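Given next, in structure tokens, is a single chain: the form solved without the named molecule.
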């Protein structure tokens, strides 16, 4: 069976228990922590691409009011995020299973830009999601996996200083 697991869940859970925040910039900012995924049960000889996207967890705008994150009362439909292709893609199952698949080069932006960057609505809450796409074979197949532990609010600067301190402590 195709098993997908989050590497460093212990560390993600420290961020999540504080409400995690990720910076977005016009040029794009890399994530900390980095999403690293443990994958087993691929065909070592089959061909796969690893895709990353961000699902809007709710339809609301969030604001840091008196030391606490609180959703707006005016929900709107959230357009789905664009997909980031892991740069090792396409690659053999063996490649993907020999070390954690690390999305260290994805950049989160708040502006429609050239290419590569993922465009996120600031003050929206996001749940990272991967797609494992079997390619080149006759039978195309997709397996998707969400990572609740990795939820965050896109922010142009850190609201909760406890997040700022954790980010520095573990980088």
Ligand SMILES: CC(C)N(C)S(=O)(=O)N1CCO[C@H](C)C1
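Numbering follows the first chain given and starts at 1. Only residues modelled in both forms are compared. Think of the rigid core as the biggest set of C-alphas that the two forms share within 1.5 Å after superposition.
What comes next is about the form deposited with the named molecule bound, which does not appear here.
- Contact between residue 134 and the named molecule in the deposited complex is found at the 4.5 Å heavy atom cutoff.
- Heavy atoms of residue 142 reach within 4.5 Å of the named molecule in the deposited complex, making it an interface residue.
- Contact annotation for 84 to 121: no residue has a non-hydrogen atom within 4.5 angstroms of the named molecule in the deposited complex.
- In the core-superposed comparison between this form and the one not shown, the C-alpha atom of residue 41 has shifted by less than 2 angstroms.
- Once you line up the core between this form and the one not shown, the Cα of residue 137 ends up 2 Å or more from where it was.
- In sequence order, 136 to 138 is the sole run of at least 3 consecutive residues whose Cα positions differ by 2 Å or more between this form and the one not shown once the rigid core is superposed.
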